[PDB]
Amino acid sequence: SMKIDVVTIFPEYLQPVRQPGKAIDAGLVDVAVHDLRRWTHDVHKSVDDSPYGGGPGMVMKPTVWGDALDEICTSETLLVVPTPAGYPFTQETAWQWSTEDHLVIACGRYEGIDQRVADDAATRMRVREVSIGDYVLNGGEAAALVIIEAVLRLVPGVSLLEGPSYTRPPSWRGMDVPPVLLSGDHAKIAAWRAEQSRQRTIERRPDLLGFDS
Amino acid sequence: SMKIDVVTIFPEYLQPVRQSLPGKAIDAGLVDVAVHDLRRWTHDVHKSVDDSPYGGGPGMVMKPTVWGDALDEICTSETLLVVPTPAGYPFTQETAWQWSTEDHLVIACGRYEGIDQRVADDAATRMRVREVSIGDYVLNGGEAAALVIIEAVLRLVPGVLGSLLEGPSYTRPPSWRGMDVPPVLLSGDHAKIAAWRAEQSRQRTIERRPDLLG
Ligand SMILES: NC(=O)c1ccc2[nH]ccc2c1
Ligand SMILES: NC(=O)c1ccc2[nH]ccc2c1
């Protein structure tokens, strides 16, 4: 069983998590979404301020985050902070996190979260700053959705690129399913599929096989 | 001015990003995101979208006749057809920049073990097709990848927003739970601040992303 808390200033953006939806329905995992502004005290509910040292944009204040995480996290929590400057989130990471009791995902907006939030949390719990890929999102919420989906499907009770797949009809718009796939010859099918995967990995992801680019 | 059509068997997944678009950008006709239920193009009363894989194996494959009809209706010769797949080329910020100038993106969201390959192969004979992965992890389907792609692309579209890793950022208060903001940031020596940030970036990139440094 796993508990996931997501903290965000846009809780409505996390609704796609209800599809993970079937997983929540079957009660293996519970996912709860929290509005960060719940932990503000001024009437303007401010969560951001200009950066020390200058630069464009705003930084999320540590005070509000600290109060939220104080309430939501325990010492057993794995605190996950999406950020383009994070360690890479990979399938290995997803396997690792799949056996955790409690994930808390802190979703940043603006130019990021004051670094002391993660630093303070790390004195009490395990903290993981991670990137889901080399592109810029408008905030951590889409990353949270990717992480949740990748992790939940590995929870107990829920190399080379995959080649092309085919299903019926065997001829469509004058394009035939590769004949070997209709042959029923398991050895020849396995071989053809390995060759397809090789071509595809070399072409699209040569890095996976230890080649440049 | 970009139109994005997304085709999926879970259209509700994409509704929050649809509603997150700034009214001003929609009012100015800079952007439109439309989401379509793939089952609109099914042929049978059971609204079947998948079938068993030729050659055997686990899971199911999405039917080419259904996808073929959907894309026939939605795509034109000017369309850039995006197909999220773990077997794709990597989607990066460079990709997002390239696609941000397109008039029409169509994102085909697959489930199970993928879409019959003839769908993309046939589409590629009359439009540009891009199979892409958003990272090295497995999702249940393409919807979360579509969300990522839509966000990354649209924030580059002129209007809709109205190397090395970045280092740490700080804001008020100057002291918090025993941790001080690095005094250099308060120094008013902006050449020194820039050099400090550069070194923080170098150290963080070495620690977290050595791949970025050859
Ligand atoms: N690529 C990422 O993982 C990423 C990019 C931008 C972001 N902004 C807030 C969180 C976040 C994550
Ligand atoms: N990592 C990806 O981009 C990814 C993983 C699994 C998927 N299933 C369907 C589309 C898709 C994309």
# chains A, B, ... in the order shown; residues from 1 in each chain; ligands from 1

$ closest_atom_pairs --of "chain B" --to "ligand 2" --cutoff "12 Å" --atoms "only C-alpha atoms and all ligand atoms" --output "JSON lines"
{"residue": "B:8", "atom": "CA", "partner": "ligand 2", "partner_atom_place_in_ligand_line": "9 (C)", "distance": 10.7}
{"residue": "B:9", "atom": "CA", "partner": "ligand 2", "partner_atom_place_in_ligand_line": "9 (C)", "distance": 12.0}
{"residue": "B:61", "atom": "CA", "partner": "ligand 2", "partner_atom_place_in_ligand_line": "9 (C)", "distance": 11.2}
{"residue": "B:62", "atom": "CA", "partner": "ligand 2", "partner_atom_place_in_ligand_line": "9 (C)", "distance": 11.0}
{"residue": "B:82", "atom": "CA", "partner": "ligand 2", "partner_atom_place_in_ligand_line": "10 (C)", "distance": 10.7}
{"residue": "B:83", "atom": "CA", "partner": "ligand 2", "partner_atom_place_in_ligand_line": "10 (C)", "distance": 7.5}
{"residue": "B:84", "atom": "CA", "partner": "ligand 2", "partner_atom_place_in_ligand_line": "10 (C)", "distance": 4.6}
{"residue": "B:85", "atom": "CA", "partner": "ligand 2", "partner_atom_place_in_ligand_line": "12 (C)", "distance": 3.8}
{"residue": "B:86", "atom": "CA", "partner": "ligand 2", "partner_atom_place_in_ligand_line": "4 (C)", "distance": 4.0}
{"residue": "B:87", "atom": "CA", "partner": "ligand 2", "partner_atom_place_in_ligand_line": "4 (C)", "distance": 7.6}
{"residue": "B:88", "atom": "CA", "partner": "ligand 2", "partner_atom_place_in_ligand_line": "3 (O)", "distance": 7.2}
{"residue": "B:89", "atom": "CA", "partner": "ligand 2", "partner_atom_place_in_ligand_line": "3 (O)", "distance": 9.1}
{"residue": "B:90", "atom": "CA", "partner": "ligand 2", "partner_atom_place_in_ligand_line": "3 (O)", "distance": 8.1}
{"residue": "B:91", "atom": "CA", "partner": "ligand 2", "partner_atom_place_in_ligand_line": "3 (O)", "distance": 8.1}
{"residue": "B:92", "atom": "CA", "partner": "ligand 2", "partner_atom_place_in_ligand_line": "3 (O)", "distance": 11.1}
{"residue": "B:107", "atom": "CA", "partner": "ligand 2", "partner_atom_place_in_ligand_line": "10 (C)", "distance": 10.7}
{"residue": "B:108", "atom": "CA", "partner": "ligand 2", "partner_atom_place_in_ligand_line": "10 (C)", "distance": 9.0}
{"residue": "B:109", "atom": "CA", "partner": "ligand 2", "partner_atom_place_in_ligand_line": "10 (C)", "distance": 6.4}
{"residue": "B:110", "atom": "CA", "partner": "ligand 2", "partner_atom_place_in_ligand_line": "9 (C)", "distance": 4.9}
{"residue": "B:111", "atom": "CA", "partner": "ligand 2", "partner_atom_place_in_ligand_line": "9 (C)", "distance": 5.4}
{"residue": "B:112", "atom": "CA", "partner": "ligand 2", "partner_atom_place_in_ligand_line": "8 (N)", "distance": 7.3}
{"residue": "B:113", "atom": "CA", "partner": "ligand 2", "partner_atom_place_in_ligand_line": "8 (N)", "distance": 7.3}
{"residue": "B:114", "atom": "CA", "partner": "ligand 2", "partner_atom_place_in_ligand_line": "9 (C)", "distance": 6.4}
{"residue": "B:115", "atom": "CA", "partner": "ligand 2", "partner_atom_place_in_ligand_line": "9 (C)", "distance": 8.9}
{"residue": "B:131", "atom": "CA", "partner": "ligand 2", "partner_atom_place_in_ligand_line": "3 (O)", "distance": 9.3}
{"residue": "B:132", "atom": "CA", "partner": "ligand 2", "partner_atom_place_in_ligand_line": "3 (O)", "distance": 6.4}
{"residue": "B:133", "atom": "CA", "partner": "ligand 2", "partner_atom_place_in_ligand_line": "3 (O)", "distance": 3.3}
{"residue": "B:134", "atom": "CA", "partner": "ligand 2", "partner_atom_place_in_ligand_line": "3 (O)", "distance": 3.9}
{"residue": "B:135", "atom": "CA", "partner": "ligand 2", "partner_atom_place_in_ligand_line": "1 (N)", "distance": 4.5}
{"residue": "B:136", "atom": "CA", "partner": "ligand 2", "partner_atom_place_in_ligand_line": "1 (N)", "distance": 5.3}
{"residue": "B:137", "atom": "CA", "partner": "ligand 2", "partner_atom_place_in_ligand_line": "1 (N)", "distance": 4.8}
{"residue": "B:138", "atom": "CA", "partner": "ligand 2", "partner_atom_place_in_ligand_line": "5 (C)", "distance": 4.2}
{"residue": "B:139", "atom": "CA", "partner": "ligand 2", "partner_atom_place_in_ligand_line": "6 (C)", "distance": 3.9}
{"residue": "B:140", "atom": "CA", "partner": "ligand 2", "partner_atom_place_in_ligand_line": "8 (N)", "distance": 5.3}
{"residue": "B:141", "atom": "CA", "partner": "ligand 2", "partner_atom_place_in_ligand_line": "9 (C)", "distance": 3.6}
{"residue": "B:142", "atom": "CA", "partner": "ligand 2", "partner_atom_place_in_ligand_line": "10 (C)", "distance": 3.4}
{"residue": "B:143", "atom": "CA", "partner": "ligand 2", "partner_atom_place_in_ligand_line": "10 (C)", "distance": 7.2}
{"residue": "B:144", "atom": "CA", "partner": "ligand 2", "partner_atom_place_in_ligand_line": "12 (C)", "distance": 7.9}
{"residue": "B:145", "atom": "CA", "partner": "ligand 2", "partner_atom_place_in_ligand_line": "3 (O)", "distance": 5.6}
{"residue": "B:146", "atom": "CA", "partner": "ligand 2", "partner_atom_place_in_ligand_line": "10 (C)", "distance": 8.6}
{"residue": "B:147", "atom": "CA", "partner": "ligand 2", "partner_atom_place_in_ligand_line": "3 (O)", "distance": 10.9}
{"residue": "B:148", "atom": "CA", "partner": "ligand 2", "partner_atom_place_in_ligand_line": "3 (O)", "distance": 9.4}
{"residue": "B:149", "atom": "CA", "partner": "ligand 2", "partner_atom_place_in_ligand_line": "3 (O)", "distance": 9.7}

$ interface_residues --of "chain A" --to "chain B" --cutoff "7 Å" --atoms "only C-alpha atoms" --output "PyMOL selection string"
chain A and resi 13+16+19+49-53+59+61+85-87+90-91+114-116+132-138+142+145-146+149-150+161-162+164-167+175+181-182+184+189+204-205

$ residues_around --residues "residue 141 (chain A)" --least-positions-apart "6" --cutoff "8 Å" --atoms "only C-alpha atoms" --output "PyMOL selection string"
chain A and resi 8+10+13-14+107-108

$ write_last_selection --atoms "C-alpha atoms" --output "compact mmCIF listing (two decimals), in the first residue's frame"
# COMPACT_ATOMS: atom_id res chain seq x y z
CA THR A 8 0.44 22.55 -5.47
CA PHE A 10 -3.16 24.42 -8.75
CA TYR A 13 -4.59 20.46 -12.48
CA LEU A 14 -4.06 17.13 -10.67
CA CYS A 107 5.04 21.09 -7.21
CA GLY A 108 6.92 24.28 -7.92

$ select_by_dssp --residues "region 6-212 of chain A" --states "strand (DSSP E)" --output "VMD selection string"
chain A and resid 6 to 8 29 to 35 48 to 49 59 to 60 78 to 88 102 to 106 126 to 131 171 to 172 175 to 176

$ residues_around --residues "residue 89 (chain A)" --least-positions-apart "4" --cutoff "7 Å" --atoms "only C-alpha atoms" --output "ChimeraX atom specification"
/A:93,130-132

$ select_by_dssp --residues "region 48-128 of chain B" --states "alpha helix (DSSP H)" --output "list in words"
residues 64, 65, 66, 67, 68, 69, 70, 71, 72, 73, 74, 93, 94, 95, 96, 97, 98, 99, 117, 118, 119, 120, 121, 122 and 123 of chain B

$ write_last_selection --atoms "N, CA and C atoms" --output "mmCIF file, in the first residue's frame"
data_model
loop_
_atom_site.group_PDB
_atom_site.id
_atom_site.type_symbol
_atom_site.label_atom_id
_atom_site.label_comp_id
_atom_site.auth_asym_id
_atom_site.auth_seq_id
_atom_site.Cartn_x
_atom_site.Cartn_y
_atom_site.Cartn_z
ATOM 1 N N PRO B 64 -5.964 -0.476 -36.436
ATOM 2 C CA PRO B 64 -5.662 0.518 -37.464
ATOM 3 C C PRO B 64 -6.896 1.107 -38.134
ATOM 4 N N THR B 65 -7.984 0.356 -38.252
ATOM 5 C CA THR B 65 -9.149 0.874 -38.951
ATOM 6 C C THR B 65 -9.761 2.046 -38.183
ATOM 7 N N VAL B 66 -9.755 1.970 -36.855
ATOM 8 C CA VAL B 66 -10.302 3.045 -36.026
ATOM 9 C C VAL B 66 -9.418 4.291 -36.093
ATOM 10 N N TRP B 67 -8.127 4.106 -35.844
ATOM 11 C CA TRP B 67 -7.187 5.225 -35.898
ATOM 12 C C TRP B 67 -7.114 5.848 -37.284
ATOM 13 N N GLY B 68 -7.161 5.002 -38.309
ATOM 14 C CA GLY B 68 -7.118 5.478 -39.680
ATOM 15 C C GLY B 68 -8.256 6.439 -39.958
ATOM 16 N N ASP B 69 -9.466 6.072 -39.538
ATOM 17 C CA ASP B 69 -10.641 6.939 -39.723
ATOM 18 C C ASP B 69 -10.538 8.246 -38.932
ATOM 19 N N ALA B 70 -10.070 8.164 -37.683
ATOM 20 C CA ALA B 70 -9.903 9.357 -36.845
ATOM 21 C C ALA B 70 -8.927 10.340 -37.488
ATOM 22 N N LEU B 71 -7.764 9.843 -37.884
ATOM 23 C CA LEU B 71 -6.760 10.736 -38.448
ATOM 24 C C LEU B 71 -7.173 11.271 -39.825
ATOM 25 N N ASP B 72 -7.915 10.474 -40.590
ATOM 26 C CA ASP B 72 -8.423 10.922 -41.886
ATOM 27 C C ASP B 72 -9.284 12.164 -41.709
ATOM 28 N N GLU B 73 -10.086 12.171 -40.653
ATOM 29 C CA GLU B 73 -10.999 13.278 -40.398
ATOM 30 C C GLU B 73 -10.276 14.503 -39.849
ATOM 31 N N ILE B 74 -9.336 14.276 -38.940
ATOM 32 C CA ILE B 74 -8.732 15.365 -38.184
ATOM 33 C C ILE B 74 -7.502 15.975 -38.877
ATOM 34 N N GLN B 93 13.715 20.133 -25.471
ATOM 35 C CA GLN B 93 13.377 21.538 -25.614
ATOM 36 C C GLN B 93 13.601 22.015 -27.048
ATOM 37 N N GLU B 94 14.591 21.439 -27.727
ATOM 38 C CA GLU B 94 14.814 21.746 -29.141
ATOM 39 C C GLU B 94 13.591 21.366 -29.969
ATOM 40 N N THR B 95 13.046 20.183 -29.696
ATOM 41 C CA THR B 95 11.833 19.729 -30.363
ATOM 42 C C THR B 95 10.683 20.697 -30.109
ATOM 43 N N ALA B 96 10.516 21.093 -28.852
ATOM 44 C CA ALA B 96 9.440 22.010 -28.482
ATOM 45 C C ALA B 96 9.536 23.320 -29.250
ATOM 46 N N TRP B 97 10.749 23.862 -29.362
ATOM 47 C CA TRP B 97 10.967 25.083 -30.141
ATOM 48 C C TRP B 97 10.581 24.898 -31.588
ATOM 49 N N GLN B 98 11.010 23.778 -32.170
ATOM 50 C CA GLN B 98 10.698 23.493 -33.568
ATOM 51 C C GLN B 98 9.188 23.408 -33.783
ATOM 52 N N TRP B 99 8.490 22.701 -32.897
ATOM 53 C CA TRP B 99 7.044 22.529 -33.067
ATOM 54 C C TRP B 99 6.220 23.770 -32.719
ATOM 55 N N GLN B 117 1.374 -0.342 -36.389
ATOM 56 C CA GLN B 117 2.397 0.509 -37.020
ATOM 57 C C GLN B 117 1.966 1.070 -38.382
ATOM 58 N N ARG B 118 1.013 0.407 -39.035
ATOM 59 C CA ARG B 118 0.584 0.868 -40.345
ATOM 60 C C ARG B 118 -0.122 2.217 -40.281
ATOM 61 N N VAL B 119 -0.666 2.565 -39.115
ATOM 62 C CA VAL B 119 -1.307 3.862 -38.955
ATOM 63 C C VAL B 119 -0.300 4.985 -39.190
ATOM 64 N N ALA B 120 0.805 4.967 -38.450
ATOM 65 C CA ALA B 120 1.841 5.991 -38.621
ATOM 66 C C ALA B 120 2.482 5.887 -39.995
ATOM 67 N N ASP B 121 2.722 4.660 -40.454
ATOM 68 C CA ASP B 121 3.368 4.466 -41.752
ATOM 69 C C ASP B 121 2.499 5.027 -42.888
ATOM 70 N N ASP B 122 1.196 4.768 -42.837
ATOM 71 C CA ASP B 122 0.297 5.322 -43.837
ATOM 72 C C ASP B 122 0.217 6.844 -43.714
ATOM 73 N N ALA B 123 0.096 7.360 -42.494
ATOM 74 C CA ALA B 123 0.015 8.809 -42.334
ATOM 75 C C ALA B 123 1.247 9.510 -42.891
#

$ residues_around --residues "residue 37 (chain A)" --least-positions-apart "5" --cutoff "8 Å" --atoms "only C-alpha atoms" --output "ChimeraX atom specification"
/A:9,45-47,64

$ closest_residue --among "A:177, A:32, A:155, A:2" --to "residue 72 (chain A)" --atoms "only C-alpha atoms"
A:32

$ atom_distance --atom1 "CA of residue 79 (chain B)" --atom2 "atom 10 (C, counted along the ligand's line) of ligand 1"
29.6 Å

$ closest_residue --among "A:79, A:12, A:31, A:63" --to "residue 123 (chain A)" --atoms "only C-alpha atoms"
A:79

$ residues_around --residues "residue 128 (chain B)" --least-positions-apart "2" --cutoff "8 Å" --atoms "only C-alpha atoms" --output "PyMOL selection string"
chain B and resi 78-81+123-124+126+130

$ residues_around --residues "residue 34 (chain A)" --least-positions-apart "3" --cutoff "7 Å" --atoms "only C-alpha atoms" --output "JSON, numbers by chain"
{"A": [6, 7, 8, 11]}

$ closest_residue --among "A:190, A:81, A:60, A:68" --to "ligand 1" --atoms "only C-alpha atoms and all ligand atoms"
A:81

$ decode --residues "region 60-94 of chain B" --atoms "C-alpha atoms" --output "CSV table (one decimal), in the first residue's frame"
chain,number,residue,atom,x,y,z
B,60,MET,CA,-3.3,-5.6,-27.0
B,61,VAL,CA,-2.7,-3.4,-30.0
B,62,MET,CA,-4.9,-0.5,-31.1
B,63,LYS,CA,-6.8,-1.1,-34.2
B,64,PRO,CA,-5.7,0.5,-37.5
B,65,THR,CA,-9.1,0.9,-39.0
B,66,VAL,CA,-10.3,3.0,-36.0
B,67,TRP,CA,-7.2,5.2,-35.9
B,68,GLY,CA,-7.1,5.5,-39.7
B,69,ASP,CA,-10.6,6.9,-39.7
B,70,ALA,CA,-9.9,9.4,-36.8
B,71,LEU,CA,-6.8,10.7,-38.4
B,72,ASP,CA,-8.4,10.9,-41.9
B,73,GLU,CA,-11.0,13.3,-40.4
B,74,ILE,CA,-8.7,15.4,-38.2
B,75,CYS,CA,-5.4,15.6,-40.1
B,76,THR,CA,-4.6,17.5,-43.3
B,77,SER,CA,-1.4,17.7,-45.5
B,78,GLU,CA,-0.2,20.5,-43.2
B,79,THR,CA,-0.6,18.5,-40.0
B,80,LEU,CA,2.4,17.5,-37.8
B,81,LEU,CA,1.2,14.2,-36.3
B,82,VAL,CA,2.8,13.5,-32.9
B,83,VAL,CA,2.7,10.0,-31.6
B,84,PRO,CA,4.0,9.6,-28.0
B,85,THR,CA,5.7,6.2,-27.6
B,86,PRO,CA,8.4,4.8,-25.4
B,87,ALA,CA,10.1,3.7,-28.6
B,88,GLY,CA,10.2,7.2,-30.0
B,89,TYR,CA,12.9,9.7,-30.7
B,90,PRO,CA,13.6,11.9,-27.7
B,91,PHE,CA,11.4,14.9,-27.2
B,92,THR,CA,13.5,17.8,-26.0
B,93,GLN,CA,13.4,21.5,-25.6
B,94,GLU,CA,14.8,21.7,-29.1
